[PDB]
Amino acid sequence: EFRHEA
Amino acid sequence: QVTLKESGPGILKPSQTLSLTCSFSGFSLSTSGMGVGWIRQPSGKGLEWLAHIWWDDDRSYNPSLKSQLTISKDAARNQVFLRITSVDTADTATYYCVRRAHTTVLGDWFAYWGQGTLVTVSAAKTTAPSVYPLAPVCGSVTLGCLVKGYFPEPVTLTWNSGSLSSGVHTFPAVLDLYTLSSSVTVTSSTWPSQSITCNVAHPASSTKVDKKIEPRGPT
Amino acid sequence: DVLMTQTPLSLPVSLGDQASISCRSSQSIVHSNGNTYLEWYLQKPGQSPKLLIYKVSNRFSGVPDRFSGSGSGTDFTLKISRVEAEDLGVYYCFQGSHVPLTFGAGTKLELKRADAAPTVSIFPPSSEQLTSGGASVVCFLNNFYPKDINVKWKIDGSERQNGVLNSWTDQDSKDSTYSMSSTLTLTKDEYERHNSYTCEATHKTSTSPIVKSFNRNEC
């Protein structure tokens with residue numbers, strides 16, 4: 001995955 | 001205000017290495033969650049993603065170009081860089097710098113883009129165009145001008161030094177050299193009687209040429 | 001890669017019509033964190049892209065309410081309730097969930113008009129080009145609608161696929177037509193060894209092809 005934050 | 005600015009060399013040849021700078025302001029790359037990237041678009045073509053770099057030195061790349069790409073930063077100077085090794089015509093594109101965060105409150109999206117920078121990859125030495133008149137065939141008339149085999153862009157084209165703009169169609173150049181064409185449609189009584197001339201300049205090579213379009217004779 | 005297929009690739013409308021652009025991904029866009037990073041970008045002629053919609057259906061700041069976003073999984077739609085003038089351009093769907101990041105190929109929102117047949121013109125090589133040993137035959141197909149058109153070159157009755165260059169103007173701002181330029185480039189030797197040259201177009205407006213030709217020997 002591409003970097004993301006939830 | 002958030003702004004991004006790309007700088008590149010404009011022209012480079014195949015095999016050579018592309019160095020592109022981006023210079024931002026309005027945010028710091030040091031900020032946790034912040035990120036900056038490159039996206040490009042070849043001439044009248046899609047949008048291709050290239051690379052992204054994160055504040056914490058983490059990097060993302062496009063698999064196809066991975067072996068050619070190197071994104072780097074300098075957060076003390078507000079700059080992101082990207083190198084592409086072994087370019088070829090393919091890579092002729094407009095290059096965009098974009099901001100993208102991986103946290104919501106910082107803006108997880110491509111909101112900010114620069115104006116972008118044009119990068120042409122060609123093998124060609126500056127070349128003066130060859131300007132050819134195009135007269136109608138035998139038996140509202142339309143005339144044409146072929147501007148053939150020139151490097152680089154642009155050329156300026158006018159009919160009667162601009163005196164004639166009605167019914168002008170000038171077509172975008174296509175490629176190691178560019179070729180161009182223009183059509184003019186005038187009332188059937190205007191020509192051949194009144195003269196019609198094609199005026200072409202190619203600044204890069206000091207070219208200026210005026211070609212009168214000459215009616216075909218029996219000889 | 002995740003593929004973004006947009007439908008259609010060209011979308012004619014009138015100002016005040018409703019428009020819909022489907023975008024479908026080859027695999028799920030739901031990031032493992034919970035979110036669907038599906039965005040929409042608009043690129044107006046010679047401008048950088050601008051974000052319109054993010055996470056499926058969140059309008060960007062400043063985007064008018066006539067735009068909306070819908071969908072889930074692998075099936076998404078952009079809607080424009082009343083197309084306004086400034087809305088015309090190229091629309092991209094983007095997925096930011098998977099590496100590498102991908103855009104769709106782009107949907108041109110363009111202006112609908114009445115069907116219009118191409119005015120076609122054919123031109124032999126200039127004496128000037130021949131003097132210099134080249135040989136180009138140029139064809140012009142001006143002011144047609146809609147944009148799709150099959151253009152064919154024939155020499156003595158055989159089809160020539162080699163050494164053809166095509167160029168399209170963008171949709172004319174004044175009359176909403178398109179125009180095209182086709183150049184067949186041969187060597188002087190090949191041009192002097194054949195006689196019949198035919199530019200041949202097929203369009204929605206004629207049930208049979210538009211043929212323009214000449215015979216070299218009679219020029």
# chains A, B, ... in the order shown; residues from 1 in each chain; ligands from 1

$ select_by_dssp --residues "chain B" --states "strand (DSSP E or B)" --output "number ranges by chain"
B: 3-7, 11-12, 18-25, 35-42, 48-54, 59-61, 69-74, 79-84, 93-99, 113, 117-121, 127, 130-134, 142-151, 156-159, 164, 168-174, 178-185, 197-202, 207-212

$ interface_residues --of "chain B" --to "chain A" --cutoff "12 Å" --atoms "only C-alpha atoms" --output "list in words"
residues 32, 33, 34, 35, 51, 52, 53, 54, 55, 56, 58, 59, 60, 61, 62, 100, 101, 102, 103, 104, 105, 106, 107, 108 and 109 of chain B

$ residues_around --residues "residue 131 in chain B" --least-positions-apart "5" --cutoff "7 Å" --atoms "only C-alpha atoms" --output "PDB file with N, CA and C atoms, in the first residue's frame"
ATOM      1  N   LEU B 146       3.514  23.933 -45.711  1.00  0.00           N
ATOM      2  CA  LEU B 146       4.167  22.867 -44.965  1.00  0.00           C
ATOM      3  C   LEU B 146       5.509  23.338 -44.442  1.00  0.00           C
ATOM      4  N   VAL B 147       5.639  23.334 -43.118  1.00  0.00           N
ATOM      5  CA  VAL B 147       6.889  23.662 -42.445  1.00  0.00           C
ATOM      6  C   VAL B 147       7.511  22.376 -41.901  1.00  0.00           C
ATOM      7  N   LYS B 148       8.625  21.951 -42.497  1.00  0.00           N
ATOM      8  CA  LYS B 148       9.071  20.568 -42.338  1.00  0.00           C
ATOM      9  C   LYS B 148      10.458  20.408 -41.729  1.00  0.00           C
TER      10      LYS B 148
END

$ closest_atom_pairs --of "chain C" --to "chain B" --cutoff "9 Å" --atoms "only C-alpha atoms" --output "Markdown table"
| residue | atom | partner | partner_atom | distance |
| --- | --- | --- | --- | --- |
| C:37 | CA | B:109 | CA | 8.5 |
| C:39 | CA | B:109 | CA | 7.8 |
| C:41 | CA | B:110 | CA | 8.8 |
| C:47 | CA | B:115 | CA | 7.4 |
| C:48 | CA | B:115 | CA | 6.0 |
| C:49 | CA | B:113 | CA | 7.3 |
| C:50 | CA | B:111 | CA | 6.7 |
| C:51 | CA | B:111 | CA | 5.5 |
| C:52 | CA | B:111 | CA | 8.7 |
| C:54 | CA | B:109 | CA | 7.0 |
| C:55 | CA | B:109 | CA | 8.9 |
| C:60 | CA | B:111 | CA | 8.3 |
| C:92 | CA | B:47 | CA | 8.4 |
| C:96 | CA | B:109 | CA | 8.3 |
| C:99 | CA | B:62 | CA | 7.2 |
| C:100 | CA | B:62 | CA | 5.3 |
| C:101 | CA | B:49 | CA | 6.1 |
| C:102 | CA | B:49 | CA | 6.6 |
| C:103 | CA | B:47 | CA | 6.3 |
| C:104 | CA | B:46 | CA | 7.7 |
| C:105 | CA | B:46 | CA | 5.4 |
| C:106 | CA | B:46 | CA | 6.7 |
| C:121 | CA | B:142 | CA | 7.2 |
| C:122 | CA | B:136 | CA | 7.4 |
| C:123 | CA | B:134 | CA | 6.0 |
| C:124 | CA | B:134 | CA | 7.3 |
| C:125 | CA | B:134 | CA | 7.4 |
| C:126 | CA | B:133 | CA | 6.1 |
| C:127 | CA | B:132 | CA | 8.6 |
| C:128 | CA | B:132 | CA | 6.5 |
| C:129 | CA | B:132 | CA | 6.7 |
| C:136 | CA | B:146 | CA | 8.9 |
| C:138 | CA | B:146 | CA | 8.1 |
| C:140 | CA | B:183 | CA | 7.4 |
| C:142 | CA | B:169 | CA | 7.9 |
| C:165 | CA | B:174 | CA | 7.6 |
| C:166 | CA | B:174 | CA | 7.9 |
| C:167 | CA | B:171 | CA | 6.1 |
| C:168 | CA | B:171 | CA | 6.4 |
| C:169 | CA | B:171 | CA | 5.7 |
| C:179 | CA | B:169 | CA | 7.5 |
| C:180 | CA | B:171 | CA | 7.5 |
| C:181 | CA | B:171 | CA | 6.9 |
| C:183 | CA | B:181 | CA | 8.9 |
| C:213 | CA | B:137 | CA | 8.8 |
| C:214 | CA | B:137 | CA | 7.0 |
| C:218 | CA | B:138 | CA | 8.0 |
| C:219 | CA | B:138 | CA | 6.9 |

$ interface_residues --of "chain C" --to "chain A" --cutoff "7 Å" --atoms "only C-alpha atoms" --output "short mmCIF file (atom, residue, chain, number, x, y, z; two decimals) with C-alpha atoms, in the first residue's frame"
data_model
loop_
_atom_site.label_atom_id
_atom_site.label_comp_id
_atom_site.auth_asym_id
_atom_site.auth_seq_id
_atom_site.Cartn_x
_atom_site.Cartn_y
_atom_site.Cartn_z
CA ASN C 33 -7.26 1.81 6.99
CA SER C 97 -4.64 3.64 -2.31
CA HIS C 98 -2.28 1.32 -4.17
CA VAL C 99 1.32 1.59 -5.44
#

$ residues_around --residues "range 197-212 of chain B" --least-positions-apart "2" --cutoff "9 Å" --atoms "only C-alpha atoms" --output "mmCIF file with C-alpha atoms, in the first residue's frame"
data_model
loop_
_atom_site.group_PDB
_atom_site.id
_atom_site.type_symbol
_atom_site.label_atom_id
_atom_site.label_comp_id
_atom_site.auth_asym_id
_atom_site.auth_seq_id
_atom_site.Cartn_x
_atom_site.Cartn_y
_atom_site.Cartn_z
ATOM 1 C CA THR B 126 19.045 23.061 -33.966
ATOM 2 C CA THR B 127 17.639 22.750 -37.482
ATOM 3 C CA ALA B 128 16.110 25.405 -39.721
ATOM 4 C CA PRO B 129 12.713 24.406 -41.175
ATOM 5 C CA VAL B 131 9.060 26.021 -45.875
ATOM 6 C CA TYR B 132 6.959 24.623 -48.707
ATOM 7 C CA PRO B 133 4.086 26.332 -50.572
ATOM 8 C CA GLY B 144 -1.558 25.514 -47.451
ATOM 9 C CA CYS B 145 1.942 25.740 -46.032
ATOM 10 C CA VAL B 147 6.889 23.662 -42.445
ATOM 11 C CA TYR B 150 12.617 21.800 -37.538
ATOM 12 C CA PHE B 151 14.108 21.844 -34.037
ATOM 13 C CA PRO B 152 13.224 23.187 -31.543
ATOM 14 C CA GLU B 153 9.756 24.721 -31.111
ATOM 15 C CA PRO B 154 8.383 27.199 -31.844
ATOM 16 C CA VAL B 155 7.779 28.598 -35.294
ATOM 17 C CA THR B 156 5.515 31.541 -35.993
ATOM 18 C CA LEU B 157 3.192 31.290 -38.958
ATOM 19 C CA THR B 158 1.079 34.021 -40.557
ATOM 20 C CA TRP B 159 -0.655 34.636 -43.874
ATOM 21 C CA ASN B 160 0.151 38.053 -45.383
ATOM 22 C CA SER B 161 2.110 39.020 -42.249
ATOM 23 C CA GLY B 162 -1.127 38.495 -40.303
ATOM 24 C CA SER B 195 -1.275 37.657 -53.849
ATOM 25 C CA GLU B 214 1.923 30.261 -56.780
#
